[PDB]
Amino acid sequence: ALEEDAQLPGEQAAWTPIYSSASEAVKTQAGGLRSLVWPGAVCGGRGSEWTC
Amino acid sequence: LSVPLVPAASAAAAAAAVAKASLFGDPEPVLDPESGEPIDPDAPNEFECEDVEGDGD
Amino acid sequence: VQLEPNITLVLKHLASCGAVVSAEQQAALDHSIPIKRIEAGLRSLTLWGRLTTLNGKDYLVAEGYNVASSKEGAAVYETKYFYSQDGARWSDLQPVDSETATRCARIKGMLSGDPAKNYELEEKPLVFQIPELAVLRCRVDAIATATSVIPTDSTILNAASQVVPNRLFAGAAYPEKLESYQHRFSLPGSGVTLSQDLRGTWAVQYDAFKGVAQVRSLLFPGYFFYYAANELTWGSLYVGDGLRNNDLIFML
Amino acid sequence: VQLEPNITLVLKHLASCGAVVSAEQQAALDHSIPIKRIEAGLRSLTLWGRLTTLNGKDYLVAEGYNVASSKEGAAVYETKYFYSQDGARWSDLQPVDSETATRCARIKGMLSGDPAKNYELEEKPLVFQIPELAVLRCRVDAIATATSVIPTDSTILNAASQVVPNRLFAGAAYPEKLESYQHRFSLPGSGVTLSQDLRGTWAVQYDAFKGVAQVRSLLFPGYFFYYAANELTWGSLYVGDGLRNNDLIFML
């Protein structure tokens with residue numbers, strides 16, 4: 001799992017969340033992660049589809 | 001050409017734009033002016049909808 | 001000749017450079033920018049950029065102004081900045097003192113995404129607490145004074161000694177050369193262009209068939225500018241955490 | 001002041017009116033329009049419209065020209081039309097004789113979508129076979145001579161007596177009135193606007209806060225024109241089967 005990666009300096013996780021909407025009440029929104037070590041590397045899924 | 005920033009016959013269009021922009025994000029907590037306490041937000045209605053965004057896709 | 005950059009064309013031309021915004025934020029901007037522009041009394045207001053944060057709530061930053069005037073050999077734009085975290089409600093991004101500017105310049109890393117957070121610095125042991133919005137404003141100021149790119153001779157001076165669009169601008173003769181572009185704060189007719197900048201801090205890719213030039217900053221990686229010569233439009237955008245690239249000498 | 005309509009802004013502003021194009025066709029246009037414009041030697045070439053067909057292969061129609069001149073009190077544009085069914089390869093849309101113009105005017109219904117098809121007409125019993133591309137070109141000619149909308153005083157006459165963009169155009173003073181717009185083929189300074197058209201054949205909706213006016217044709221439902229006054233852009237598009245609305249008196 002990506003959770004067991006090398007943390008960045010300061011007990012910081014190496015992957016940061018990204019969301020599709022600013023409100024937690026929209027019912028069909030995407031989710032994903034962005035890489036801190038390699039800026040520009042993104043993974044993300046919406047519903048049944050996903051991509052890196 | 002020399003016109004104002006926005007005509008005076010535009011309050012309806014401005015109200016429309018404010019209503020449309022209020023759709024996005026969460027509503028800001030408003031407070032009671034005389035009291036100073038925040039106004040209790042409305043409890044949301046329970047409903048079922050489709051995925052309008054996927055249909056747009 | 002355009003009168004103001006168009007966010008649709010900007011997002012269309014600079015999408016290949018990875019400078020993109022969310023779909024919800026795109027719609028929300030389409031509604032929110034005119035509202036704020038009117039209720040602030042500004043003549044121009046555009047999307048300046050988007051700074052990434054650690055909790056996923058990136059800061060959208062917008063920049064507006066009313067009129068630009070020539071003062072002391074510089075084209076000064078009395079700009080005002082606003083920030084947002086959803087694209088719908090814009091808050092003020094207030095200026096920062098000069099003394100605090102140094103401290104926030106010392107703070108590095110990706111921003112937290114919590115406007116109420118404040119970082120700590122230690123000096124001779126006096127500790128200062130710097131609000132996050134101060135750091136954000138300072139990074140925006142640095143990136144702005146570094147890039148602020150427009151085409152050369154696209155502005156002009158009028159009778160009241162104000163900088164106004166040159167509506168008879170014909171276009172850049174050689175769009176693939178850095179001489180065709182300049183900083184915003186350089187007076188018209190001053191002959192100072194991007195070629196007077198430190199050699200190697202700008203890259204230019206020009207598609208001579210479609211007529212679209214892309215100018216990328218290498219000193220602040222994340223600042224992109226586009227110029228379309230067949231339609232005579234242009235515009236820029238910053239997307240990234242806001243930190244300067246200090247290792248540039250080793251990377252060229 | 002724009003120099004030529006931008007397809008991105010057109011598709012962005014007229015999408016609310018249902019005037020849309022497929023995504024693949026949008027990309028294909030972004031590539032194909034410059035190629036054809038260059039290899040035909042034309043100064044201007046834009047997307048004119050999109051006519052729906054019975055087999056799902058709608059005709060995209062593009063219109064281009066080189067220079068417009070004042071002849072006999074009319075601003076004549078020597079236009080040339082091209083058609084396509086995928087957005088990538090443009091073929092010629094050749095003019096039609098006057099005698100055949102009447103026959104193709106008599107043919108109604110949604111087009112077939114097969115450029116090799118030909119319809120049949122019967123007269124005194126002499127039968128004529130009219131190719132489908134003839135019907136297409138005449139519907140385009142009718143819609144073009146009916147609408148062809150531009151803002152008023154956006155063009156001007158030059159020394160060689162040619163119609164050129166008025167680069168000092170300041171904008172329409174009253175964008176919600178039909179006097180602000182005119183036909184393309186009306187000479188500058190002639191005072192003929194859309195208000196001289198048959199009363200009730202045009203509708204205007206003006207968003208006074210954002211500054212975007214939409215002019216819809218009611219005689220040819222499907223022709224939309226937009227004018228953005230804060231950025232001084234404009235442009236039109238036709239989307240539909242191409243038939244005139246003859247029941248207009250009963251529908252108003």
# chains A, B, ... in the order shown; residues from 1 in each chain; ligands from 1
$ interface_residues --of "chain C" --to "chain D" --cutoff "9 Å" --atoms "only C-alpha atoms" --output "ChimeraX atom specification"
/C:1-6,8-9,12,34-35,38,167-168,209-210,231-232
$ write_last_selection --atoms "N, CA, C and O atoms" --output "short mmCIF file (atom, residue, chain, number, x, y, z; two decimals), in the first residue's frame"
data_model
loop_
_atom_site.label_atom_id
_atom_site.label_comp_id
_atom_site.auth_asym_id
_atom_site.auth_seq_id
_atom_site.Cartn_x
_atom_site.Cartn_y
_atom_site.Cartn_z
N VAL C 1 -6.82 42.68 -31.49
CA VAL C 1 -6.08 42.84 -30.25
C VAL C 1 -7.01 42.71 -29.06
O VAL C 1 -7.95 43.49 -28.91
N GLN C 2 -6.75 41.73 -28.21
CA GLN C 2 -7.55 41.54 -27.02
C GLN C 2 -7.46 42.77 -26.11
O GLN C 2 -6.55 43.59 -26.22
N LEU C 3 -8.44 42.89 -25.22
CA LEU C 3 -8.43 43.93 -24.20
C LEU C 3 -8.13 43.39 -22.81
O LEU C 3 -7.79 44.18 -21.93
N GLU C 4 -8.23 42.09 -22.62
CA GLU C 4 -8.05 41.45 -21.33
C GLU C 4 -7.95 39.95 -21.58
O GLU C 4 -8.67 39.42 -22.44
N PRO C 5 -7.06 39.24 -20.89
CA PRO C 5 -6.94 37.80 -21.14
C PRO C 5 -8.23 37.06 -20.83
O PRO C 5 -8.96 37.40 -19.89
N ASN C 6 -8.50 36.03 -21.62
CA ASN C 6 -9.72 35.24 -21.51
C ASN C 6 -9.36 33.91 -20.85
O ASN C 6 -8.51 33.18 -21.36
N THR C 8 -10.90 31.15 -20.65
CA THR C 8 -11.17 29.97 -21.46
C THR C 8 -10.01 29.69 -22.41
O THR C 8 -9.54 28.55 -22.50
N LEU C 9 -9.54 30.72 -23.11
CA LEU C 9 -8.41 30.53 -24.01
C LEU C 9 -7.14 30.19 -23.25
O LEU C 9 -6.33 29.39 -23.72
N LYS C 12 -7.32 26.66 -22.31
CA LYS C 12 -7.24 25.81 -23.49
C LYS C 12 -5.82 25.69 -24.01
O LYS C 12 -5.38 24.59 -24.36
N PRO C 34 -16.97 37.55 -12.48
CA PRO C 34 -17.70 38.80 -12.73
C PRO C 34 -18.30 39.41 -11.48
O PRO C 34 -18.28 40.64 -11.32
N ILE C 35 -18.85 38.59 -10.59
CA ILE C 35 -19.44 39.10 -9.36
C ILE C 35 -18.42 39.90 -8.57
O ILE C 35 -18.66 41.05 -8.19
N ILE C 38 -17.25 43.18 -10.28
CA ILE C 38 -18.20 44.28 -10.17
C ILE C 38 -18.24 44.82 -8.74
O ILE C 38 -18.12 46.03 -8.52
N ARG C 167 -4.33 49.59 -29.13
CA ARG C 167 -5.35 48.95 -29.95
C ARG C 167 -4.93 48.81 -31.41
O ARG C 167 -5.61 48.12 -32.16
N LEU C 168 -3.83 49.44 -31.81
CA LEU C 168 -3.29 49.28 -33.15
C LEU C 168 -2.11 48.32 -33.18
O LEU C 168 -1.37 48.29 -34.17
N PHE C 209 3.50 26.73 -37.40
CA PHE C 209 2.41 26.46 -38.32
C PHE C 209 1.08 26.96 -37.78
O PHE C 209 0.32 27.61 -38.51
N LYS C 210 0.78 26.69 -36.52
CA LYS C 210 -0.42 27.21 -35.90
C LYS C 210 -0.22 28.61 -35.34
O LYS C 210 -1.20 29.35 -35.19
N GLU C 231 -4.60 35.00 -33.98
CA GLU C 231 -5.75 35.64 -33.38
C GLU C 231 -5.36 36.79 -32.45
O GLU C 231 -6.24 37.49 -31.97
N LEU C 232 -4.06 36.99 -32.21
CA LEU C 232 -3.56 38.08 -31.39
C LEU C 232 -4.12 38.03 -29.97
O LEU C 232 -4.66 39.01 -29.46
#
$ select_by_dssp --residues "region 106-199 of chain C" --states "strand (DSSP E or B)" --output "list in words"
residues 111, 118, 119, 120, 121, 122, 123, 126, 127, 128, 129, 130, 131, 149, 150, 151, 155, 156, 157, 162, 163, 164, 165, 181, 182, 183 and 186 of chain C
$ closest_atom_pairs --of "chain B" --to "chain C" --cutoff "9 Å" --atoms "only C-alpha atoms" --output "tab-separated table"
residue	atom	partner	partner_atom	distance
B:5	CA	C:38	CA	7.3
B:6	CA	C:38	CA	7.3
B:14	CA	C:35	CA	7.8
B:17	CA	C:31	CA	6.7
B:18	CA	C:35	CA	7.4
B:20	CA	C:31	CA	7.1
B:21	CA	C:31	CA	5.5
B:22	CA	C:88	CA	7.3
B:23	CA	C:88	CA	8.5
B:24	CA	C:88	CA	6.0
B:25	CA	C:86	CA	6.1
B:26	CA	C:86	CA	8.8
$ residues_around --residues "residue 95 (chain C)" --least-positions-apart "4" --cutoff "10 Å" --atoms "only C-alpha atoms" --output "compact mmCIF listing (two decimals) with C-alpha atoms, in the first residue's frame"
# COMPACT_ATOMS: atom_id res chain seq x y z
CA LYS C 80 -5.33 43.85 -5.62
CA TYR C 81 -5.30 40.13 -4.94
CA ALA C 101 8.40 39.74 3.94
CA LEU C 133 -1.88 33.91 4.22
CA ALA C 134 1.20 36.09 4.69
CA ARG C 137 0.93 36.72 -0.39
CA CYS C 138 4.73 36.82 -0.33
CA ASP C 141 4.47 38.82 -4.89
$ atom_distance --atom1 "CA of residue 152 (chain C)" --atom2 "CA of residue 47 (chain C)"
21.7 Å
$ interface_residues --of "chain C" --to "chain A" --cutoff "12 Å" --atoms "only C-alpha atoms" --output "CSV table (one decimal) with C-alpha atoms, in the first residue's frame"
chain,number,residue,atom,x,y,z
C,17,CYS,CA,1.7,22.4,-20.0
C,18,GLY,CA,-0.3,20.7,-17.2
C,19,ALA,CA,-1.7,24.1,-16.1
C,20,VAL,CA,-5.3,22.9,-15.5
C,21,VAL,CA,-8.1,23.5,-13.0
C,22,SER,CA,-10.9,21.2,-11.8
C,23,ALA,CA,-14.1,21.1,-13.7
C,24,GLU,CA,-16.2,22.3,-10.7
C,25,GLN,CA,-13.7,25.1,-10.1
C,26,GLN,CA,-13.9,26.0,-13.8
C,27,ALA,CA,-17.7,26.5,-13.7
C,28,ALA,CA,-17.4,28.2,-10.3
C,52,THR,CA,-1.1,23.3,-4.3
C,53,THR,CA,-1.5,22.5,-0.7
C,54,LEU,CA,-0.9,19.5,1.5
C,55,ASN,CA,-4.6,18.8,2.4
C,56,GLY,CA,-6.0,19.0,-1.2
C,57,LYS,CA,-7.6,22.4,-0.9
C,58,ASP,CA,-5.5,24.4,-3.4
C,59,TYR,CA,-5.5,28.2,-3.2
C,84,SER,CA,-10.3,31.2,-2.7
C,85,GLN,CA,-10.4,27.5,-1.9
C,86,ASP,CA,-13.5,26.5,-3.9
C,87,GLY,CA,-13.8,29.0,-6.8
C,88,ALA,CA,-17.0,30.5,-5.6
C,89,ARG,CA,-16.3,32.9,-2.7
C,109,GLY,CA,7.7,23.7,1.7
C,110,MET,CA,4.3,23.1,0.3
C,111,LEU,CA,1.6,25.2,2.0
C,112,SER,CA,-0.7,23.5,4.5
C,113,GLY,CA,-4.1,24.5,3.1
C,221,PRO,CA,8.9,26.4,-12.8
C,222,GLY,CA,5.1,26.5,-13.1
C,239,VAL,CA,0.3,26.5,-11.2
C,240,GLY,CA,2.5,25.1,-8.4
C,241,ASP,CA,3.6,25.4,-4.8
$ closest_atom_pairs --of "chain A" --to "chain B" --cutoff "12 Å" --atoms "only C-alpha atoms" --output "tab-separated table"
residue	atom	partner	partner_atom	distance
A:20	CA	B:25	CA	11.2
A:21	CA	B:25	CA	7.5
A:22	CA	B:25	CA	5.3
A:23	CA	B:25	CA	5.2
A:24	CA	B:26	CA	8.7
A:25	CA	B:26	CA	8.9
A:26	CA	B:25	CA	9.5
A:27	CA	B:51	CA	8.0
A:28	CA	B:51	CA	6.5
A:29	CA	B:53	CA	9.2
A:30	CA	B:53	CA	11.3
A:46	CA	B:54	CA	10.2
A:47	CA	B:54	CA	10.0
A:48	CA	B:54	CA	12.0
A:49	CA	B:54	CA	12.0
$ write_last_selection --atoms "N, CA and C atoms" --output "short mmCIF file (atom, residue, chain, number, x, y, z; two decimals), in the first residue's frame"
data_model
loop_
_atom_site.label_atom_id
_atom_site.label_comp_id
_atom_site.auth_asym_id
_atom_site.auth_seq_id
_atom_site.Cartn_x
_atom_site.Cartn_y
_atom_site.Cartn_z
N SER A 20 -12.56 16.17 -5.88
CA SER A 20 -13.18 16.72 -7.07
C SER A 20 -14.13 17.87 -6.79
N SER A 21 -14.61 18.00 -5.55
CA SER A 21 -15.53 19.06 -5.19
C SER A 21 -15.23 19.51 -3.77
N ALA A 22 -15.55 20.77 -3.49
CA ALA A 22 -15.26 21.35 -2.19
C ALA A 22 -16.27 20.98 -1.12
N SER A 23 -17.41 20.40 -1.49
CA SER A 23 -18.45 20.04 -0.54
C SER A 23 -18.54 18.53 -0.41
N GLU A 24 -18.56 18.05 0.82
CA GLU A 24 -18.71 16.63 1.10
C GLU A 24 -20.09 16.11 0.84
N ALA A 25 -21.01 16.88 0.27
CA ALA A 25 -22.38 16.42 0.10
C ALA A 25 -22.74 16.10 -1.34
N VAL A 26 -21.89 16.44 -2.31
CA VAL A 26 -22.08 15.96 -3.67
C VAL A 26 -21.90 14.45 -3.68
N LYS A 27 -22.73 13.75 -4.44
CA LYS A 27 -22.83 12.31 -4.28
C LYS A 27 -21.93 11.52 -5.21
N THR A 28 -21.57 12.06 -6.36
CA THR A 28 -20.71 11.36 -7.32
C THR A 28 -19.50 12.24 -7.61
N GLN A 29 -18.43 12.04 -6.85
CA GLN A 29 -17.21 12.81 -7.03
C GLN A 29 -16.02 11.87 -7.07
N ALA A 30 -14.93 12.36 -7.65
CA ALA A 30 -13.71 11.59 -7.80
C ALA A 30 -12.82 11.75 -6.58
N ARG A 46 -12.68 7.71 -10.28
CA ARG A 46 -14.05 8.17 -10.17
C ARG A 46 -14.97 7.01 -10.47
N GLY A 47 -15.87 6.71 -9.54
CA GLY A 47 -16.77 5.59 -9.71
C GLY A 47 -16.04 4.29 -9.90
N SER A 48 -16.07 3.75 -11.12
CA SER A 48 -15.42 2.49 -11.44
C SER A 48 -14.16 2.67 -12.27
N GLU A 49 -13.86 3.88 -12.72
CA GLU A 49 -12.70 4.13 -13.54
C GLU A 49 -11.58 4.74 -12.71
#
$ select_by_dssp --residues "region 106-181 of chain D" --states "alpha helix (DSSP H)" --output "number ranges by chain"
D: 106, 132-146
$ residues_around --residues "region 123-129 of chain D" --least-positions-apart "6" --cutoff "12 Å" --atoms "only C-alpha atoms" --output "PyMOL selection string"
chain D and resi 99-100+102-104+106-107+116-117+135
$ closest_residue --among "D:174, D:238, D:202, D:224" --to "residue 7 (chain B)" --atoms "only C-alpha atoms"
D:174
$ atom_distance --atom1 "CA of residue 73 (chain C)" --atom2 "CA of residue 196 (chain C)"
16.3 Å
$ residues_around --residues "residue 143 (chain C)" --least-positions-apart "6" --cutoff "9 Å" --atoms "only C-alpha atoms" --output "MDAnalysis selection string"
chainID C and resid 220 223 238 242:244
$ atom_distance --atom1 "CA of residue 13 (chain D)" --atom2 "CA of residue 225 (chain D)"
9.2 Å
$ residues_around --residues "residue 40 (chain B)" --least-positions-apart "5" --cutoff "9 Å" --atoms "only C-alpha atoms" --output "ChimeraX atom specification"
/B:29-31
$ write_last_selection --atoms "N, CA, C and O atoms" --output "tab-separated table (two decimals), in the first residue's frame"
chain	number	residue	atom	x	y	z
B	29	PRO	N	-21.29	30.25	7.12
B	29	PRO	CA	-22.10	30.42	8.33
B	29	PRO	C	-22.38	31.90	8.57
B	29	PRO	O	-21.46	32.71	8.66
B	30	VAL	N	-23.66	32.24	8.66
B	30	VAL	CA	-24.07	33.61	8.94
B	30	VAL	C	-24.42	33.72	10.41
B	30	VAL	O	-24.81	32.74	11.06
B	31	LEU	N	-24.28	34.93	10.95
B	31	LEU	CA	-24.50	35.19	12.36
B	31	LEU	C	-25.65	36.16	12.54
B	31	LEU	O	-26.11	36.82	11.60
$ residues_around --residues "residue 1 (chain B)" --least-positions-apart "5" --cutoff "8 Å" --atoms "only C-alpha atoms" --output "number ranges by chain"
D: 170-171, 173
$ decode --residues "region 72-103 of chain C" --atoms "N, CA and C atoms" --output "PDB file, in the first residue's frame"
ATOM      1  N   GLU C  72       8.121  57.026 -12.066  1.00  0.00           N
ATOM      2  CA  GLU C  72       9.548  56.808 -11.837  1.00  0.00           C
ATOM      3  C   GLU C  72      10.125  55.781 -12.805  1.00  0.00           C
ATOM      4  N   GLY C  73       9.707  55.862 -14.064  1.00  0.00           N
ATOM      5  CA  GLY C  73      10.219  54.961 -15.071  1.00  0.00           C
ATOM      6  C   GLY C  73       9.666  53.559 -15.029  1.00  0.00           C
ATOM      7  N   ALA C  74       8.657  53.297 -14.206  1.00  0.00           N
ATOM      8  CA  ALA C  74       8.044  51.981 -14.142  1.00  0.00           C
ATOM      9  C   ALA C  74       6.551  52.102 -14.390  1.00  0.00           C
ATOM     10  N   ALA C  75       5.991  51.127 -15.095  1.00  0.00           N
ATOM     11  CA  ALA C  75       4.548  51.067 -15.306  1.00  0.00           C
ATOM     12  C   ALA C  75       3.940  50.374 -14.096  1.00  0.00           C
ATOM     13  N   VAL C  76       3.446  51.162 -13.153  1.00  0.00           N
ATOM     14  CA  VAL C  76       2.930  50.645 -11.895  1.00  0.00           C
ATOM     15  C   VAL C  76       1.455  50.313 -12.065  1.00  0.00           C
ATOM     16  N   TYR C  77       1.100  49.076 -11.740  1.00  0.00           N
ATOM     17  CA  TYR C  77      -0.279  48.617 -11.688  1.00  0.00           C
ATOM     18  C   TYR C  77      -0.683  48.504 -10.227  1.00  0.00           C
ATOM     19  N   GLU C  78      -1.688  49.273  -9.819  1.00  0.00           N
ATOM     20  CA  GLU C  78      -2.196  49.194  -8.452  1.00  0.00           C
ATOM     21  C   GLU C  78      -3.072  47.952  -8.351  1.00  0.00           C
ATOM     22  N   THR C  79      -2.421  46.814  -8.165  1.00  0.00           N
ATOM     23  CA  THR C  79      -3.117  45.541  -8.185  1.00  0.00           C
ATOM     24  C   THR C  79      -3.657  45.186  -6.808  1.00  0.00           C
ATOM     25  N   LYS C  80      -4.701  44.373  -6.816  1.00  0.00           N
ATOM     26  CA  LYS C  80      -5.331  43.852  -5.620  1.00  0.00           C
ATOM     27  C   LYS C  80      -5.577  42.368  -5.827  1.00  0.00           C
ATOM     28  N   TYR C  81      -5.252  41.573  -4.821  1.00  0.00           N
ATOM     29  CA  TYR C  81      -5.299  40.128  -4.936  1.00  0.00           C
ATOM     30  C   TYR C  81      -6.398  39.550  -4.063  1.00  0.00           C
ATOM     31  N   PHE C  82      -6.988  38.467  -4.541  1.00  0.00           N
ATOM     32  CA  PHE C  82      -7.995  37.729  -3.805  1.00  0.00           C
ATOM     33  C   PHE C  82      -7.647  36.255  -3.858  1.00  0.00           C
ATOM     34  N   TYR C  83      -8.074  35.512  -2.848  1.00  0.00           N
ATOM     35  CA  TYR C  83      -7.841  34.081  -2.826  1.00  0.00           C
ATOM     36  C   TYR C  83      -9.158  33.354  -2.626  1.00  0.00           C
ATOM     37  N   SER C  84      -9.126  32.054  -2.880  1.00  0.00           N
ATOM     38  CA  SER C  84     -10.305  31.218  -2.734  1.00  0.00           C
ATOM     39  C   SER C  84      -9.848  29.777  -2.623  1.00  0.00           C
ATOM     40  N   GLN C  85     -10.694  28.943  -2.033  1.00  0.00           N
ATOM     41  CA  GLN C  85     -10.402  27.520  -1.936  1.00  0.00           C
ATOM     42  C   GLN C  85     -11.500  26.665  -2.543  1.00  0.00           C
ATOM     43  N   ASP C  86     -12.498  27.281  -3.167  1.00  0.00           N
ATOM     44  CA  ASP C  86     -13.520  26.546  -3.894  1.00  0.00           C
ATOM     45  C   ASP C  86     -13.852  27.153  -5.243  1.00  0.00           C
ATOM     46  N   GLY C  87     -13.436  28.381  -5.522  1.00  0.00           N
ATOM     47  CA  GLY C  87     -13.751  29.029  -6.770  1.00  0.00           C
ATOM     48  C   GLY C  87     -15.043  29.805  -6.775  1.00  0.00           C
ATOM     49  N   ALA C  88     -15.746  29.872  -5.653  1.00  0.00           N
ATOM     50  CA  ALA C  88     -17.039  30.534  -5.585  1.00  0.00           C
ATOM     51  C   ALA C  88     -17.033  31.792  -4.738  1.00  0.00           C
ATOM     52  N   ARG C  89     -16.294  31.806  -3.635  1.00  0.00           N
ATOM     53  CA  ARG C  89     -16.265  32.935  -2.719  1.00  0.00           C
ATOM     54  C   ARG C  89     -14.835  33.433  -2.603  1.00  0.00           C
ATOM     55  N   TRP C  90     -14.615  34.687  -2.973  1.00  0.00           N
ATOM     56  CA  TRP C  90     -13.289  35.283  -2.973  1.00  0.00           C
ATOM     57  C   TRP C  90     -13.101  36.115  -1.716  1.00  0.00           C
ATOM     58  N   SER C  91     -11.981  35.913  -1.041  1.00  0.00           N
ATOM     59  CA  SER C  91     -11.597  36.713   0.108  1.00  0.00           C
ATOM     60  C   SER C  91     -10.375  37.548  -0.236  1.00  0.00           C
ATOM     61  N   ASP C  92     -10.117  38.560   0.580  1.00  0.00           N
ATOM     62  CA  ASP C  92      -8.990  39.441   0.322  1.00  0.00           C
ATOM     63  C   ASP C  92      -7.677  38.757   0.665  1.00  0.00           C
ATOM     64  N   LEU C  93      -6.630  39.139  -0.058  1.00  0.00           N
ATOM     65  CA  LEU C  93      -5.270  38.678   0.191  1.00  0.00           C
ATOM     66  C   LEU C  93      -4.465  39.928   0.515  1.00  0.00           C
ATOM     67  N   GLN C  94      -4.420  40.279   1.786  1.00  0.00           N
ATOM     68  CA  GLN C  94      -3.926  41.581   2.192  1.00  0.00           C
ATOM     69  C   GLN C  94      -2.408  41.665   2.073  1.00  0.00           C
ATOM     70  N   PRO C  95      -1.880  42.852   1.787  1.00  0.00           N
ATOM     71  CA  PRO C  95      -0.429  43.014   1.667  1.00  0.00           C
ATOM     72  C   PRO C  95       0.279  42.708   2.976  1.00  0.00           C
ATOM     73  N   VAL C  96       1.591  42.535   2.875  1.00  0.00           N
ATOM     74  CA  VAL C  96       2.428  42.193   4.014  1.00  0.00           C
ATOM     75  C   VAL C  96       3.513  43.250   4.162  1.00  0.00           C
ATOM     76  N   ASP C  97       3.889  43.522   5.410  1.00  0.00           N
ATOM     77  CA  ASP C  97       4.952  44.471   5.700  1.00  0.00           C
ATOM     78  C   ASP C  97       6.271  44.015   5.084  1.00  0.00           C
ATOM     79  N   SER C  98       7.238  44.931   5.068  1.00  0.00           N
ATOM     80  CA  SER C  98       8.555  44.586   4.548  1.00  0.00           C
ATOM     81  C   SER C  98       9.319  43.704   5.525  1.00  0.00           C
ATOM     82  N   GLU C  99       9.193  43.975   6.826  1.00  0.00           N
ATOM     83  CA  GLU C  99       9.898  43.170   7.816  1.00  0.00           C
ATOM     84  C   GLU C  99       9.413  41.731   7.804  1.00  0.00           C
ATOM     85  N   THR C 100       8.101  41.533   7.702  1.00  0.00           N
ATOM     86  CA  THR C 100       7.568  40.183   7.636  1.00  0.00           C
ATOM     87  C   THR C 100       7.863  39.523   6.300  1.00  0.00           C
ATOM     88  N   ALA C 101       8.104  40.313   5.250  1.00  0.00           N
ATOM     89  CA  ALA C 101       8.402  39.743   3.941  1.00  0.00           C
ATOM     90  C   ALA C 101       9.637  38.855   3.991  1.00  0.00           C
ATOM     91  N   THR C 102      10.661  39.275   4.730  1.00  0.00           N
ATOM     92  CA  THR C 102      11.861  38.458   4.860  1.00  0.00           C
ATOM     93  C   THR C 102      11.558  37.148   5.574  1.00  0.00           C
ATOM     94  N   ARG C 103      10.805  37.215   6.670  1.00  0.00           N
ATOM     95  CA  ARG C 103      10.505  36.007   7.425  1.00  0.00           C
ATOM     96  C   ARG C 103       9.722  35.010   6.583  1.00  0.00           C
TER      97      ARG C 103
END
